Amino acid sequence: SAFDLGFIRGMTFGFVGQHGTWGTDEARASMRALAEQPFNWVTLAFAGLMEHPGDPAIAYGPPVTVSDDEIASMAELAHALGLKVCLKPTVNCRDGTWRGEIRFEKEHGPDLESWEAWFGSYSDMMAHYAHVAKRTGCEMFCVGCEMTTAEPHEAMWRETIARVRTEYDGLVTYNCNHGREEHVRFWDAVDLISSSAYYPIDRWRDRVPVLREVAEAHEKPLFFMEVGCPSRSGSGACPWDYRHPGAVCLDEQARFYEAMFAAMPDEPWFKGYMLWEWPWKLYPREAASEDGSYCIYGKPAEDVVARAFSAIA
Ligand SMILES: OC[C@@H]1[C@@H](O[C@@H]2O[C@H](CO)[C@@H](O)[C@H](O)[C@@H]2O)[C@H](O)[C@H](O)c2nccn21
């Protein structure tokens, strides 16, 4: 199931999944371009919104996010184009606080500003989208992304995952942040270990042994639910940073992909790459030189990825 999952050659699509954006002509065209790349997977990623990082409320569905029908439309299109589909609901905060830093005054209390209450809201959201994933035939479901502060609430994560399993029969992953692979204590509750592997160029080769050790320790395959780099100067030193000041630099993004592919071994514990990311509104190829985003389309990284992925299979 997980052990002989085909190696993942994937791309994340459509973040942050603002309401209505995936039902556009642009989105459908962008998806068609995505499916012409040597990818076997797409991740449909979107974010619900927290009013603040200590408020347990989460806003999702219309008018904030893509509707359930928009999700179904994109999944149906991806599937019709021969892609496998991972559904990835997550949360952002309106004030810009990183989702990995949410925190509550209290551990318990359904009506208090508590971890219990937040997990209630979050489990409600994940259960809803896990059900959408099952009905739309999505081959994977990602139960969380980069939730560093939430991770120590192990029993609450296991409750959330158990509920997802009631609603969804496919592969389940949790996506931790880079540097958290060895720290998460509930990997046994998921099928695949994954991370947001935004390792600086210089750090790849030294990090690989720990990634191997984590996979082998937990007897689970490991893959990258996010990995990528903006085409901006200096970005390979801070590939996670989407607001890095700098000149457009296509070569820097290529250097990141070269370093990553050179570092990762051809070993069975590693199950591949969910690249970050592809926009719902895709620029024409000729405009790639003015683009400072994570998108590889029309840049030298597209060819680096092509050379690696076509040869992988
Ligand atoms: O920084 C890259 C990536 C994040 O991608 C961004 O997400 C923000 C909102 O969270 C969006 O406005 C940007 O346009 C861009 O798509 C994303 O949060 C992802 O989960 C992640 N994790 C580390 C780095 N990223």
# chains A, B, ... in the order shown; residues from 1 in each chain; ligands from 1

call {"tool": "select_by_dssp", "arguments": {"residues": "segment 9-113 of chain A", "states": "alpha helix (DSSP H)", "output": "ChimeraX atom specification"}}
result
/A:25-35,68-80

call {"tool": "write_last_selection", "arguments": {"atoms": "N, CA and C atoms", "output": "compact mmCIF listing (two decimals), in the first residue's frame"}}
result
# COMPACT_ATOMS: atom_id res chain seq x y z
N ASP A 25 -11.75 29.68 -15.66
CA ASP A 25 -11.12 29.20 -16.88
C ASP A 25 -9.62 29.12 -16.70
N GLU A 26 -9.08 30.11 -15.99
CA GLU A 26 -7.65 30.21 -15.76
C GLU A 26 -7.17 28.99 -15.00
N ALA A 27 -7.91 28.64 -13.96
CA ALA A 27 -7.56 27.47 -13.12
C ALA A 27 -7.54 26.19 -13.94
N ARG A 28 -8.53 26.02 -14.79
CA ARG A 28 -8.62 24.82 -15.62
C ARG A 28 -7.50 24.77 -16.62
N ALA A 29 -7.14 25.91 -17.20
CA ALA A 29 -6.00 25.96 -18.09
C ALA A 29 -4.69 25.67 -17.35
N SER A 30 -4.55 26.20 -16.15
CA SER A 30 -3.34 26.01 -15.37
C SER A 30 -3.15 24.55 -15.03
N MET A 31 -4.25 23.92 -14.64
CA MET A 31 -4.23 22.45 -14.34
C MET A 31 -3.84 21.63 -15.56
N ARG A 32 -4.40 21.97 -16.72
CA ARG A 32 -4.00 21.29 -17.94
C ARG A 32 -2.48 21.43 -18.21
N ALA A 33 -1.91 22.62 -18.00
CA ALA A 33 -0.47 22.78 -18.15
C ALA A 33 0.28 21.96 -17.14
N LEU A 34 -0.20 21.94 -15.91
CA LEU A 34 0.44 21.14 -14.86
C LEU A 34 0.51 19.67 -15.30
N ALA A 35 -0.59 19.16 -15.86
CA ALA A 35 -0.64 17.73 -16.22
C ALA A 35 0.24 17.37 -17.43
N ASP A 68 -16.89 23.22 -1.82
CA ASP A 68 -16.76 21.78 -2.03
C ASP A 68 -16.87 21.44 -3.56
N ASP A 69 -17.77 22.09 -4.27
CA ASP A 69 -17.92 21.87 -5.72
C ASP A 69 -16.67 22.26 -6.51
N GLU A 70 -16.02 23.35 -6.10
CA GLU A 70 -14.75 23.75 -6.73
C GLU A 70 -13.68 22.69 -6.52
N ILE A 71 -13.62 22.16 -5.29
CA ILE A 71 -12.69 21.06 -4.99
C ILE A 71 -12.99 19.85 -5.87
N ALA A 72 -14.25 19.45 -5.93
CA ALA A 72 -14.65 18.35 -6.78
C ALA A 72 -14.32 18.58 -8.23
N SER A 73 -14.53 19.81 -8.72
CA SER A 73 -14.21 20.12 -10.10
C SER A 73 -12.73 19.93 -10.39
N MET A 74 -11.88 20.43 -9.50
CA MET A 74 -10.44 20.33 -9.74
C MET A 74 -9.99 18.88 -9.60
N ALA A 75 -10.53 18.18 -8.64
CA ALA A 75 -10.15 16.77 -8.52
C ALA A 75 -10.56 15.97 -9.75
N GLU A 76 -11.75 16.24 -10.26
CA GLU A 76 -12.28 15.47 -11.41
C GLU A 76 -11.43 15.74 -12.66
N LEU A 77 -11.04 17.00 -12.83
CA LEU A 77 -10.19 17.39 -13.93
C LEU A 77 -8.80 16.73 -13.80
N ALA A 78 -8.21 16.81 -12.62
CA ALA A 78 -6.90 16.20 -12.39
C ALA A 78 -6.98 14.72 -12.68
N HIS A 79 -8.02 14.08 -12.15
CA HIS A 79 -8.13 12.64 -12.38
C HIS A 79 -8.30 12.29 -13.85
N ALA A 80 -9.08 13.10 -14.56
CA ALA A 80 -9.31 12.89 -15.97
C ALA A 80 -8.06 13.08 -16.81

call {"tool": "residues_near_ligand", "arguments": {"ligand": "ligand 1", "cutoff": "9 Å", "atoms": "only C-alpha atoms and all ligand atoms", "output": "ChimeraX atom specification"}}
result
/A:14-16,45,47,90-93,96,98-99,145-146,177-178,196-198,226-230,239-243,276-279,293-294

call {"tool": "residues_around", "arguments": {"residues": "residue 143 of chain A", "least_positions_apart": "2", "cutoff": "9 Å", "atoms": "only C-alpha atoms", "output": "PDB file with N, CA, C and O atoms, in the first residue's frame"}}
result
ATOM      1  N   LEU A  87      -5.554  15.740  -1.235  1.00  0.00           N
ATOM      2  CA  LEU A  87      -6.288  16.918  -0.731  1.00  0.00           C
ATOM      3  C   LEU A  87      -5.628  17.402   0.534  1.00  0.00           C
ATOM      4  O   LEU A  87      -5.446  16.626   1.478  1.00  0.00           O
ATOM      5  N   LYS A  88      -5.323  18.735   0.574  1.00  0.00           N
ATOM      6  CA  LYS A  88      -4.584  19.325   1.671  1.00  0.00           C
ATOM      7  C   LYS A  88      -5.242  20.583   2.180  1.00  0.00           C
ATOM      8  O   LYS A  88      -4.893  21.711   1.756  1.00  0.00           O
ATOM      9  N   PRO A  89      -6.208  20.422   3.070  1.00  0.00           N
ATOM     10  CA  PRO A  89      -6.725  21.572   3.824  1.00  0.00           C
ATOM     11  C   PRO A  89      -5.740  21.987   4.905  1.00  0.00           C
ATOM     12  O   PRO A  89      -5.189  21.138   5.573  1.00  0.00           O
ATOM     13  N   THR A  90      -5.501  23.279   5.099  1.00  0.00           N
ATOM     14  CA  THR A  90      -4.763  23.700   6.243  1.00  0.00           C
ATOM     15  C   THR A  90      -5.353  25.017   6.776  1.00  0.00           C
ATOM     16  O   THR A  90      -6.456  25.377   6.389  1.00  0.00           O
ATOM     17  N   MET A 126     -11.195  18.946   9.238  1.00  0.00           N
ATOM     18  CA  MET A 126     -10.530  17.812   8.598  1.00  0.00           C
ATOM     19  C   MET A 126     -11.514  16.696   8.263  1.00  0.00           C
ATOM     20  O   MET A 126     -11.416  16.085   7.198  1.00  0.00           O
ATOM     21  N   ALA A 130     -12.054  15.308   4.654  1.00  0.00           N
ATOM     22  CA  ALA A 130     -11.715  13.891   4.466  1.00  0.00           C
ATOM     23  C   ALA A 130     -12.863  13.197   3.735  1.00  0.00           C
ATOM     24  O   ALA A 130     -12.629  12.394   2.826  1.00  0.00           O
ATOM     25  N   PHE A 141      -4.854  12.130   1.520  1.00  0.00           N
ATOM     26  CA  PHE A 141      -5.379  13.188   2.349  1.00  0.00           C
ATOM     27  C   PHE A 141      -4.299  13.579   3.337  1.00  0.00           C
ATOM     28  O   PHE A 141      -3.696  12.753   4.001  1.00  0.00           O
ATOM     29  N   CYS A 145      -0.406  20.434   8.350  1.00  0.00           N
ATOM     30  CA  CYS A 145       0.748  21.042   7.731  1.00  0.00           C
ATOM     31  C   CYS A 145       1.438  21.935   8.754  1.00  0.00           C
ATOM     32  O   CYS A 145       0.868  22.936   9.159  1.00  0.00           O
ATOM     33  N   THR A 160      -8.077  13.312  16.122  1.00  0.00           N
ATOM     34  CA  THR A 160      -8.389  13.919  14.831  1.00  0.00           C
ATOM     35  C   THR A 160      -8.174  12.908  13.682  1.00  0.00           C
ATOM     36  O   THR A 160      -8.972  12.786  12.770  1.00  0.00           O
ATOM     37  N   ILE A 161      -7.060  12.197  13.763  1.00  0.00           N
ATOM     38  CA  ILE A 161      -6.703  11.204  12.741  1.00  0.00           C
ATOM     39  C   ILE A 161      -7.697  10.047  12.732  1.00  0.00           C
ATOM     40  O   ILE A 161      -8.136   9.643  11.661  1.00  0.00           O
ATOM     41  N   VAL A 164     -10.737  11.239  10.918  1.00  0.00           N
ATOM     42  CA  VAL A 164     -10.464  11.191   9.505  1.00  0.00           C
ATOM     43  C   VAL A 164     -10.550   9.770   8.911  1.00  0.00           C
ATOM     44  O   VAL A 164     -11.121   9.573   7.850  1.00  0.00           O
ATOM     45  N   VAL A 172      -3.118   8.456   4.165  1.00  0.00           N
ATOM     46  CA  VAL A 172      -3.137   9.582   5.075  1.00  0.00           C
ATOM     47  C   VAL A 172      -1.709   9.945   5.420  1.00  0.00           C
ATOM     48  O   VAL A 172      -0.902   9.101   5.766  1.00  0.00           O
ATOM     49  N   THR A 173      -1.381  11.226   5.268  1.00  0.00           N
ATOM     50  CA  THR A 173      -0.112  11.732   5.742  1.00  0.00           C
ATOM     51  C   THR A 173      -0.347  12.927   6.662  1.00  0.00           C
ATOM     52  O   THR A 173      -1.437  13.513   6.611  1.00  0.00           O
ATOM     53  N   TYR A 174       0.653  13.210   7.501  1.00  0.00           N
ATOM     54  CA  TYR A 174       0.772  14.513   8.205  1.00  0.00           C
ATOM     55  C   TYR A 174       2.076  15.093   7.699  1.00  0.00           C
ATOM     56  O   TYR A 174       3.087  14.406   7.642  1.00  0.00           O
ATOM     57  N   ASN A 175       2.048  16.387   7.377  1.00  0.00           N
ATOM     58  CA  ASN A 175       3.170  17.144   6.832  1.00  0.00           C
ATOM     59  C   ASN A 175       3.755  17.988   7.932  1.00  0.00           C
ATOM     60  O   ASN A 175       3.160  19.022   8.305  1.00  0.00           O
TER      61      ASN A 175
END

call {"tool": "closest_residue", "arguments": {"among": "A:208, A:275, A:260, A:155", "to": "residue 185 of chain A", "atoms": "only C-alpha atoms"}}
result
A:155

call {"tool": "residues_around", "arguments": {"residues": "residue 205 of chain A", "least_positions_apart": "2", "cutoff": "12 Å", "atoms": "only C-alpha atoms", "output": "list in words"}}
result
residues 199, 200, 201, 202, 203, 207, 208, 209, 210, 211, 212, 259, 260, 261, 262, 263, 264 and 265 of chain A

call {"tool": "select_by_dssp", "arguments": {"residues": "segment 54-273 of chain A", "states": "strand (DSSP E or B)", "output": "PyMOL selection string"}}
result
chain A and resi 58-59+65+84-93+106+114+140-145+171-177+192-196+222-227+232+248+270-273

call {"tool": "closest_residue", "arguments": {"among": "A:170, A:284, A:300, A:20", "to": "residue 258 of chain A", "atoms": "only C-alpha atoms"}}
result
A:300

call {"tool": "atom_distance", "arguments": {"atom1": "atom CA of residue 124 of chain A", "atom2": "atom CA of residue 17 of chain A"}}
result
18.7 Å

call {"tool": "atom_distance", "arguments": {"atom1": "atom CA of residue 24 of chain A", "atom2": "atom CA of residue 281 of chain A"}}
result
8.9 Å

call {"tool": "residues_around", "arguments": {"residues": "residue 51 of chain A", "least_positions_apart": "6", "cutoff": "9 Å", "atoms": "only C-alpha atoms", "output": "PyMOL selection string"}}
result
chain A and resi 57-59+92-95
